[PDB]
Amino acid sequence: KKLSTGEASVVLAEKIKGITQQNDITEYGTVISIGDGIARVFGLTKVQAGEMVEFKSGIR
Amino acid sequence: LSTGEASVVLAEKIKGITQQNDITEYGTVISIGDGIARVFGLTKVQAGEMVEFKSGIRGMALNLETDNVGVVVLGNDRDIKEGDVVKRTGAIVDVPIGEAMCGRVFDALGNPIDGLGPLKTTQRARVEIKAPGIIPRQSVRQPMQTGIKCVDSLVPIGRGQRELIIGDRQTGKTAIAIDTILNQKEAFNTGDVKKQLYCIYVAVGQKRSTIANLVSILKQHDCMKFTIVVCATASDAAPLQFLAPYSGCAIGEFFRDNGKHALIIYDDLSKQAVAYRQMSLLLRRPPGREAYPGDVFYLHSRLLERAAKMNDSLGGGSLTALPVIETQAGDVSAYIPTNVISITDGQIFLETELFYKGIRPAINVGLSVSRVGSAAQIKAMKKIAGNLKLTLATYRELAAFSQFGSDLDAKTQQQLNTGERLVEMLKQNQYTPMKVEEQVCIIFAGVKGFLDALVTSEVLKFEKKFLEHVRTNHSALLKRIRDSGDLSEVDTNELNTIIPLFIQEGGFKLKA
Amino acid sequence: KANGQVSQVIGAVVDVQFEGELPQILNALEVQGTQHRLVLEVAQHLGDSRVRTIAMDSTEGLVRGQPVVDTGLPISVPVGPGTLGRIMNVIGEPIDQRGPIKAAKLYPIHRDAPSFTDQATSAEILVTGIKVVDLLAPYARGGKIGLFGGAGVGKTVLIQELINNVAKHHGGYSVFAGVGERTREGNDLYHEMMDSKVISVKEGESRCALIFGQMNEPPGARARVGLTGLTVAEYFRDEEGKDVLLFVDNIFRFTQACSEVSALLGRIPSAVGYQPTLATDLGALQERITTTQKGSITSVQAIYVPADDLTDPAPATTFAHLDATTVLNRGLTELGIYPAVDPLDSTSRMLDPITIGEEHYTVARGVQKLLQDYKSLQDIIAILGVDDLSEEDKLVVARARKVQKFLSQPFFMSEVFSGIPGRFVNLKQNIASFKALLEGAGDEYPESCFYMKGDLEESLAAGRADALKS
Amino acid sequence: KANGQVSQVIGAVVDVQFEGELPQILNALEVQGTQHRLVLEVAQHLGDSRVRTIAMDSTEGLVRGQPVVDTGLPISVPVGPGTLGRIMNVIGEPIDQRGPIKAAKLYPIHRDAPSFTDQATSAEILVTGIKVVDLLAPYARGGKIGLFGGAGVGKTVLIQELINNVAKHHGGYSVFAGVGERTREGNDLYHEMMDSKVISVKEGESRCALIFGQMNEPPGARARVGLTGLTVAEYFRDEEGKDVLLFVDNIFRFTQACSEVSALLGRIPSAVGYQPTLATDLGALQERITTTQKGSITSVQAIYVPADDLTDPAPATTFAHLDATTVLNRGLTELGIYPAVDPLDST
Amino acid sequence: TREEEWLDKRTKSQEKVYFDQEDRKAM
Amino acid sequence: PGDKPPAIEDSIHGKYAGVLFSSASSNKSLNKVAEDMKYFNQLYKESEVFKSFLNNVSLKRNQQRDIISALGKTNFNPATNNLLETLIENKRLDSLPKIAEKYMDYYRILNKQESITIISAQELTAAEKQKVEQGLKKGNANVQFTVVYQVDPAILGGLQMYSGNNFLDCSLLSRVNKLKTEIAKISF
Amino acid sequence: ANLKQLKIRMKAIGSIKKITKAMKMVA
Amino acid sequence: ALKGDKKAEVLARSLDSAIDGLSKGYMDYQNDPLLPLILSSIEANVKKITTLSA
């Protein structure tokens, strides 16, 4: 393979430290990359396809 | 200067030679293939910087990645191996410039391949430099005489513009360039610096045997003394073909910034795009439409946009570009030809049909156009050039009615015949440039309708005999047309009376 | 204090490594240590405190690890009357060598288009002096205008004529944004405006702004220098309720420049290699060029048609945004008619019997139907000829050619090429001249006189003069 | 010593893992433990002591990790009067069952083109006996000639006519190189050459060399067989100095062969799938076929037009390197005109 | 192979010839 | 040192090596992880079965975890243990050796000791070499270094030093070429 | 092969056949 | 000079000039024997040719 977008430095760093703190992984996610109007969010499990999500600023 | 004085200055110069060496970072090549070298480390390296390998060949660092560095081999990459050393020179790509460049043949990098001797030059300019702004430029108001009747009359080229020689293979693209270089030789002999035009010929992706024949012709006519030939053959690596156009362009900026006039001739640019495409594809870059890189338009635009007419504040210099484009089957709707047309000012369309029908130079005046227009032509030319275009326009229309036939009006017969004289008049052989004043006389006789008397097959020979007759007996007339550059009324009456008279004297076929 | 640093440099794309507080997208970053001021526009957040930007100047000379400063705001350019009559760069630097630019304040080149509730659209005829335009494709003051033309068709000279006829004698200000075109034309226009007194060195004058993104500029700059000119017009619009004349040179270079880097940015090429965001990227610019409650902008923008292929995605999407359209045809130029305005393809949103007078609408369609019928007869005429046609068809072909030739109008900008002084035609004389031809007022005189004339009366007087001459 | 080891086998491309002292690019490598010895030319250094090479013979039977010996030099083929009347392989092996070839030296098939200083014009017409050719596109001895034609248009038949009219009466040596063609013609040509007395087994005769890269060979072989025959011609040009007639069968196979392996080498495809190094690779082979001060090489090269599309990148780039051109049209063949030469396209 | 140009030239050619005579009568 | 590895790379092995160095260097320790990753490098090349294990990709995550635990649960810095667990979850076990090696590189960059290589055509006499040390020492005079010798050049009586990543040319061959070129371009 | 050019030449032949077919009726 | 016949001082002086550059940040050939050797030969020819305008 080449790489996985989910292998960000912020997420990998947490694993090496050994602390199992995801800050409510369910119902919440952390933006990993933004480009061309599409932003990938890590986590945010239990999100349905085609479902609305609210960002930190307030935009949907 | 006495021999002793020069020798002392020569010895003193050799004494004052400095040589400083500083710590230069070096890196190892992770991989090498197809002329692309991935270098490890070698940080703090500038984009486009020159790097030297173990063997001694140079390289250009184009891709600066956080992991490695993408280097292009500027030469043969057989000796390169994994782990070899790569030393950064610390200077962007550059080439030697000056007056000593005239009369030699160099490569894309600038090394002389003639074998005569080392290049004696001290000025080196960067290959890629930002083009002049808007203020430094100036309106083009000086004619660039190519020696061709159709060009100097219908598609005038002014010093500082950009004309595109577009055509198919074996359509006379190179013939036009050669005729121009030969025409400027006369102005070089006579002490008229305001009309001297240094010629620069950039050969990209061409067989050496052809370039060798090209140089011999220049020496044959003694036109190589003011010509510069840059050679980027097919065997040469793609970067060489990619830099040869910009390399020769830098040599032209020398004359441009020094108030001088230089003519640069870029050979087929489609071959450059293949090399630039090849160079980009091998770097693992995402390809664009037709497999070409996305910024291929910026390539030619950056190159041709440098040619301009500097203002008097910087010396009044000028750089004229004559890029060439080879078409596959006369399809100008392709990607690369369309872009070049939109970049240059005017374009010269070459037709294969006209070529085989005896129309040589095969020029399609219907499509050819120039932004400068009559602003470059001389007074004696603008007056006659105007009516010439209108007359030829009508003839192309009546061409179809000839097939219709079954009747022909008196005027249509004249206009049909008259136009035939002009087409037969504009024809010109290869390696036979004509003087600006001589064309005025011949083109004048055509529009006035005097050529309608003699048979068409005899108009071409009349041109030679008529010009020779004028040069001998009527020499003051030619001098006025040259010096003043205007066709006065006294010359009109004299010229209008001798043209019909001469046709009657000489032995020609008078029956129309 | 520089927070970022160069990490990757390939072509015109440059990546910056930030330690903290990444800059928002579209922000302007200042690289330190460069021989010339280099500005980077944030475009994408790749994660791990990485950002991919596009260089506005040549990336040659840069070095990995070079410090980069974060401004905290997008590229800001000087706005106000100080830019009037001065050439400005994509990043706001004066390239005219006349000194620094004085601006009351700096506005960002990125902003949201005005809402729909405050659109305040209005229609008002704009007499440009061109009879073929004022009749078939009338222009609306405050609406977009498109000049579709190929390579070397006469669209650049046409823009100069509109400036000579529209820009001058205009109470409000004017802006000229030239993106992607050759630099030679820029120097000519600058000297032209100077000689024409459109611009001058004396302050308080030169009610016209000039912006140039000529080919000499690298990618990214040509795609954003257009926004610089728009910001100048937006300032004159919002701050002052004054009609602004925005003369935009060929805009196809904008969408083209984006595609030049779209590949390196990671986007997948489109059907014709363009970026997938062509519609959105172009839409963001068109939506901003519109009239609002504060002021109005009459934008005259040209669209370069590569290879004379109107099916290209770039121009095809532009038609939907334009109010008035002017499609240039190459066939007319071959005949010598200028301006080579295509009467059938050219359309105008103002061409409505309710908007304009019924007489103006009637004469317009009368000419279109006349020419359309003549075009169909070309087929049969090629084989049989005009003689074999009926008297009805002969008259149609006769008047059609006379009207078609009469569409040719010589302007001041074409004097150097043709040698005939320019001429101005009023709307009233324009509608009356063609209306008379449609009724057969000039069917008697030869078609030769209905060529490069301003008014019908001028053609008749010329015809009578030729008679006494022979 | 067998310092290399097969890392991976992908069709005609085989990688070798070495412990140290990697071979230079274009060097020849020999795999051990396989009948019908396989030669591998170094093409790229992928890193980590891994080098990617191209296979000249069928790769079926190779095993990952199999030892590989490094010769340290590119493929060297025998040259000299021994090759006269002898058929050689892409790797210099004789396939005529005539015994070992007697060559004074072994020259490498990889060599730089002649410089600009060592170039000669040699503008002398070559009368071939064909009126249509001598009239429109008259060939000149010592210059490059190109025959463009589609599938089954008369390219091979025209070559046979030239050999009968020019090669036989020619005084100097000759070299025939077949690239991706039917082996039947090679056999028929060899027997026909013997019957015509142009070549014989007696030493001192057969002033003509034969090289064959017939279709039966896999990719890489058809891409380098030309260099083999070319090296035999350069010998007569530089060493012997006499005139040489380098008859080159359809060369599109060379460009095609490169494309067939380019994708395997990790190269990004070209506009229509060709390799990005088409111009450069073809240029190095074309720049070497030229006349110099030592001797002249009259090259008759056939170009196969894929799908009768002259606008294809492969044939298009070839026109720029040719002096005399003879484009064959299929429309003429339908009318019965032979040779189906296009006078308006033969420049 | 260009028949559109042939028809185009025939159109302009015959029209010019036809209207050229009409111009004389009109004058 | 600011929890910032020497260089930042997007490569697979580079990414993990950088994160491990930063995370390791963050709390207190860098040498502990260095010895751990070094052990894998030595074992990766000494034990053949271990190599096939990492290269194996068809093995299940649960199976890989059991084999890793059998190797050793102690004597490895927690950063190393957490790294391995991440690779198993991301199927990046095959990239283990590259990560190990790549990590040591960053650690070697932090190491101050450097090796300087001198290239000379003529053999360096014992007394002559002593003078070379004083020149290099007096040049830096603030960093210790180890000297290495290698004499197989093409130059004659020339000196060329390689110090990690820097190159300084004092060779006579460079002087000869410089003069012969300038004497030719006199343009008398 | 430049579909735009082919479609134009096809249009020309269609008109020729049309006018040619019409003249036959008159014939 | 590259040959034998009293080449020792050439190398010996080069070594001294070499260590000088190494001890310094840069390397300059102020003490190289090649330059004075060439100037001596050139100065000899200058004196030989510089006799009189006649």
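Read from first to last, the chains carry the letters A, B, C, D, E, F, G and H; within each, the first residue is number 1.
The rule is simple: a contact is a pair of C-beta atoms (placed from the backbone, for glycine too) under 8 Å apart; a residue touches a chain by one contact, two chains touch by 3 or more.
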Touching chain A and also chain E, the following chains: C
Comparison of B-C and B-E (more C-beta pairs in contact): B-C
Identifier of the chain whose CA centre is least distant from the whole-structure CA centre: B
Distance between the centres, which are taken as Cα means, of chain G and chain E, whole angstrom: 20
Chain D and chain F, separation of their C-alpha mean positions in angstrom: 46
Geometric centre distance via CA averages, chain F-chain B, whole Å: 53
Chain B and chain G: spacing of chain centres that average the CA atoms, whole Å: 43
Set of chain H residues in contact with two or more other chains: 21, 25-27, 29, 35, 38
Multi-chain contact sites of chain B, meaning residues that touch two or more partners: 10, 14, 17, 19, 21-23, 43, 66, 287, 290, 331, 333
In the complex, chain F residues that touch chain H: 122, 128, 131-132, 134-136, 138-139, 156-159, 161, 168-172, 175-176, 179, 183
Of chain H, residues touching chain F in the complex: 2, 10-11, 14-15, 17-27, 29, 32, 34-35, 38
Complex contact set, residues of chain C against chain G: 309, 379-380, 383-384
Residues of chain B that touch chain C when the two form their complex: 43-48, 62-66, 92, 128, 130-135, 137-140, 160-161, 285-290, 293-295, 297-298, 301-302, 305-306, 308, 332-334, 338-339, 341-343, 345-347, 366, 369, 371, 373-375, 386, 393
Residues of chain G touching chain E in the complex: 8-9, 11-13, 15-16
